[PDB]
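Worksheet for the structure shown next.
Below, all heavy atoms of this structure are taken into account, side chains as well, without hydrogens, waters or symmetry copies. Numbers here are sequence positions counted from 1.
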Amino acid sequence: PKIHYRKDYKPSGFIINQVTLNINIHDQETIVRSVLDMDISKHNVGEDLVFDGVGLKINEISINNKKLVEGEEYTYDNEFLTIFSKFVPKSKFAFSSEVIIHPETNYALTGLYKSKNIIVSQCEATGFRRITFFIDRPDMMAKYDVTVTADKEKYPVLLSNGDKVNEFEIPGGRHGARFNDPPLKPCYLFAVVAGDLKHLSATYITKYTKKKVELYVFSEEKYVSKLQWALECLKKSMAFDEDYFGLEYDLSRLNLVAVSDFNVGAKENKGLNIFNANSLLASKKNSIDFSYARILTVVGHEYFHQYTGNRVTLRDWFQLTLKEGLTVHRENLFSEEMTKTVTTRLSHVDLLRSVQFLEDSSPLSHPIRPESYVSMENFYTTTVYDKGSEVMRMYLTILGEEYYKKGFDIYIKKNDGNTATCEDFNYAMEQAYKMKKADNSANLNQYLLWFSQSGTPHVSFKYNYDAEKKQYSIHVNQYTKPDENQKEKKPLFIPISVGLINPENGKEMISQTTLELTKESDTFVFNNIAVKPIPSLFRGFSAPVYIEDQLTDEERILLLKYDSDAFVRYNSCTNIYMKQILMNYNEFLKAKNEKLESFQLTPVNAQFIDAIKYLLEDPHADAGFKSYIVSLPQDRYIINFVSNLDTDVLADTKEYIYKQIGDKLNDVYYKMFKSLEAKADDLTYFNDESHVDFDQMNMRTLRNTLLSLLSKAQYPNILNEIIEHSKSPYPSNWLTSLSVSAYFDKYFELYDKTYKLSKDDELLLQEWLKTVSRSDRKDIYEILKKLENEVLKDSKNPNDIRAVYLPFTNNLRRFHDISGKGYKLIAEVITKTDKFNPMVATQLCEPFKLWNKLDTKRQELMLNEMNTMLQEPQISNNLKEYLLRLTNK
Ligand SMILES: [Zn+2]
């Protein structure tokens with residue numbers, strides 16, 4: 001396997017000025033003809049002309065309209081096409097080729113492939129080489145003239161980049177359309193779509209130039225009634241970029257297309273965004289609440305690529321976080337503004353500190369700008385995306401809105417029409433940093449370590465208050481554990497948004513303050529502090545770090561009740577849970593190790609339980625925030641604090657803590673579940689797809705959370721509420737009734753009931769599979785066998801496979817069964833999936849990422865399965881590289 005290194009970048013010895021494409025789609029084959037108007041660059045040294053071309057069947061290749069001969073003039077090994085330099089011209093020449101590809105049998109969903117009855121392309125990152133020969137790297141900018149022909153009955157809608165400049169009939173029931181896209185673009189932003197698409201349409205008028213923009217959202221005819229919310233989110237996205245960043249859409253038309261078979265959430269192209277159907281289609285009747293925030297984020301995300309991608313593209317794929325981290329950052333600002341709920345930011349932190357922190361402490365650890373790769377498809381990670389977003393968000397925290405918007409404008413103006421790197425963005429932010437501090441000697445050179453240094457920093461605190469002096473001191477210390485990427489970790493530029501809370505009245509004591517920690521340790525002193533405060537640290541989660549607040553549970557409860565910042569209250573509650581979890585874990589662990597006939601467990605803090613009741617009973621507190629405080633931290637967040645985790649002991653720990661709190665608050669849980677029904681399940685706007693109330697959906701989340709707690713506790717006659725819940729029109733409700741019925745004899749009755757409600761909608765049935773998959777059933781393995789034989793079958797749809805297996809992998813007690821049956825199960829699924837889709841096979845390895853953090857017996861079980869999968873003779877490069885790095889080989 002060839003390893004690409006970031007330090008080895010050098011420009012190409014060739015230039016591609018113009019691409020002229022003819023894509024002829026037939027029933028059993030697709031013929032691709034391409035003429036490349038090329039030239040010799042100033043970096044040429046007379047080397048061989050080597051194109052990328054994977055899986056192409058050559059009919060002929062030429063240079064200046066003279067056919068080349070295989071063996072003597074060129075070689076092709078199904079991966080690289082090598083034209084020997086003695087046959088390569090020294091001036092402007094034309095390279096042409098005709099290849100045959102087969103999207104009908106392209107089940108890897110990369111390049112050009114068929115999804116149901118729609119043919120679409122996925123060229124990010126190295127997918128264009130699967131369509132035709134090219135120097136498939138982002139710094140090769142070219143102009144595109146693309147013609148597409150197909151059977152008119154099967155593919156009446158033809159879409160590609162640029163303007164549709166010609167439509168013509170073809171003998172034999174065929175037709176063609178030609179698209180010219182004059183602006184230079186990299187090949188990964190090439191896109192083509194063909195199918196019997198139906199659409200919703202709207203006209204958007206830009207803010208400053210008053211230009212009319214046509215908006216189109218496409219799907220198959222069956223699901224055309226699920227396009228309305230996506231259209232609304234597109235309008236919201238365009239208005240937000242205009243209002244926040246002052247950026248207008250550059251083109252006259254924008255297309256969104258939903259496809260059923262897709263490896264990820266979506267992929268941007270210039271003017272034509274292609275989506276996984278589950279991230280674009282929704283209706284109140286056929287979608288759970290989660291889809292509405294998901295479509296909003298994903299539609300906004302792909303739109304926020306348009307302006308920046310139209311001017312500043314990536315120089316190489318090591319800069320992936322420059323376009324991905326920044327776009328997720330803009331995506332999160334957008335959703336925070338649109339939802340107007342504190343749980344939007346909380347949900348982003350919750351995923352980062354669980355999924356991303358696990359990855360950053362695993363053998364897969366990498367910085368947001370890696371130093372090397374052999375398969376680019378394996379570095380579209382939560383580190384590059386979500387930690388990258390947090391690093392881009394810290395620029396805004398450090399600079400504030402005004403100077404951040406200025407640094408953003410500098411970045412575009414300085415690099416417009418060219419490729420850029422992470423250093424280019426840091427330079428533009430540095431120029432804004434010098435302007436804010438009013439000191440042209442200031443710099444952000446230390447900030448570059450956020451791009452180069454792996455691992456999660458640890459930030460610890462000590463305090464001192466001199467009552468006589470009214471002087472308060474915060475001693476801060478930072479540290480990053482050494483790993484395989486750096487033996488010596490350097491201190492980072494860590495912004496710490498802090499407040500000081502008066503414990504006597506809950507009032508703020510200082511104005512907005514962001515501490516700038518740039519050393520291994522520092523002491524920040526505050527004068528005129530009238531009383532000893534309680535510190536509110538890392539407000540808004542101002543840095544991607546482990547926070548060790550060193551506060552007592554009494555101080556954390558006071559923050560939980562009275563602090564102004566949603567994250568610090570959420571983090572204080574998290575800290576109290578973790579202290580309880582680690583204590584009860586060790587007590588169960590030593591009782592199991594010493595084989596005790598009797599032992600003691602430390603109760604949950606009674607004042608902590610009283611505080612939760614205080615907040616739950618507050619009518620003016622946020623329902624989404626309430627659902628967070630009644631839920632223990634994620635398992636994947638807990639495992640970052642326990643060595644040799646025994647999953648059975650952790651399950652017993654969570655079980656004890658939940659029942660301790662339920663033993664006191666279940667009457668309050670039931671009262672809230674009943675009082676919340678009116679507003680949470682209000683049907684006033686059930687048939688208005690464009691009316692979305694994120695506050696209302698958070699009420700449903702709280703009801704579904706409390707109903708789960710009450711069902712686990714076997715609350716008296718709670719089955720009556722479960723049966724009634726089954727009849728709610730909201731899929732979030734009646735799918736919850738299925739999962740909570742797992743603790744009752746009526747489970748399979750609701751199983752069949754909800755299946756009948758889900759089977760006729762493709763996306764809804766996938767949500768039903770997820771609900772069954774995550775059901776806390778003792779017979780879950782037999783239920784999974786029923787899903788395979790009766791529903792899933794031999795489906796190659798990644799949404800089907802992921803829905804059946806991934807939620808089951810989070811069942812702490814059953815997936816981690818000590819026999820290893822759960823590991824053998826997923827291992828068989830990955831190997832089966834790797835035969836037709838390596839990218840989805842790698843995604844299904846997610847449960848193995850924590851393998852070296854479990855008890856010794858489970859480490860052995862997981863490692864044995866991973867070594868079994870590595871010995872498969874037909875293993876893909878993607879899966880092999882992933883498992884090699886994960887097992888430290
Ligand atoms: Zn993106």
Pair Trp768, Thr754: side-chain N/O donor-acceptor within cut-off below 3.5 Å: yes
Within 45° cone of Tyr755 ring axis and under 6.0 Å: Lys759 NZ or CZ: no
Side-chain donor-acceptor contact under 3.5 Å, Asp682 with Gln696: no
No-hydrogen, no-angle side-chain donor-acceptor test under 3.5 Å, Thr647 and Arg858: yes
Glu721 side chain near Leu710 side chain, heavy-atom distance below 4.5 Å: no
Min side-chain heavy-atom separation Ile288-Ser291 under 4.5 Å: yes
4.5 Å side-chain heavy-atom contact, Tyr385 and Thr381: no
Side chain to side chain donor-acceptor pair (under 3.5 Å) partners for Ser279, two or more places apart: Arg294
Note, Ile830 side chain near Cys845 side chain (heavy atom, < 4.5 Å): yes
Flag side-chain contact, heavy atom, 4.5 Å: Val299 against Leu256: yes
Ring geometry between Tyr730 and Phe686 (parallel below 30°, tilted from 30 to 60°, perpendicular above 60°): perpendicular
Flag for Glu762-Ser260: side-chain donor and acceptor within less than 3.5 Å: yes
No-hydrogen, no-angle side-chain donor-acceptor test under 3.5 Å, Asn263 and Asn837: yes
Donor-acceptor pair between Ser876 and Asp834 side chains, under 3.5 angstrom: yes
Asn276 and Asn799: side chain donor to acceptor below 3.5 Å: yes
Cation over ring face, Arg777 and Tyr747, 6.0 Å, 45°: yes
Residue list, side chain to side chain donor-acceptor pair (under 3.5 Å) with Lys222, at least two apart or on another chain: none
Shortest non-hydrogen contact between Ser121 and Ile274, atoms and distance: O-CD1, 3.5 Å
Residues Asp386 and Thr382: side-chain donor-acceptor under 3.5 angstrom: yes
Distance-minimising heavy-atom pair for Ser737 and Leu750: O-CD1, 3.4 Å
Residues forming a ring-ring contact (aromatic ring centres under 6.0 Å, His included) with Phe275, sequence neighbours excluded: none
Between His816 and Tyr823, ring centroids under 6.0 Å: yes
Full working for salt bridge (charged side-chain N to carboxylate O under 4.0 Å, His left out) between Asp681 and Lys679: CA-CA 6 Å; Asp681 293 1; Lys679 292 183 178 180; over 6 Å; no
Near-ring test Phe748/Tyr751, centroid separation under 6.0 angstrom: yes
Side chain to side chain, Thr344 and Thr341, heavy atoms closer than 4.5 Å: yes
For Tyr577, all residues meeting ring-ring contact (aromatic ring centres under 6.0 Å, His included), sequence neighbours excluded: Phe608
Test item: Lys786 and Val772 side chains (from C-beta on) under 4.5 Å apart, heavy atoms: no
Closest non-hydrogen atom pair, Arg802 against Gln843: NH1-OE1, 2.7 Å
Aromatic ring pairing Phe808/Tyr781, orientation class (parallel under 30°, perpendicular over 60°, tilted between): perpendicular
Residues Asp817 and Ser819: side-chain donor-acceptor under 3.5 angstrom: yes
Donor on one side chain, acceptor on other, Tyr292 and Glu232, under 3.5 Å: no
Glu221 atom CD: more than 12 heavy-atom contacts under 6.0 Å: no
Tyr303 vs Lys236 side-chain heavy atoms within contact, under 4.5 Å: no
Listed partners of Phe218 passing ring-ring contact (aromatic ring centres under 6.0 Å, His included), at least two apart: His199, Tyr216
Partners meeting salt bridge (charged side-chain N to carboxylate O under 4.0 Å, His left out) with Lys849 (sequence neighbours left out): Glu359
Polar side chain donor-acceptor pair, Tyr223 to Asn286, under 3.5 angstrom: no
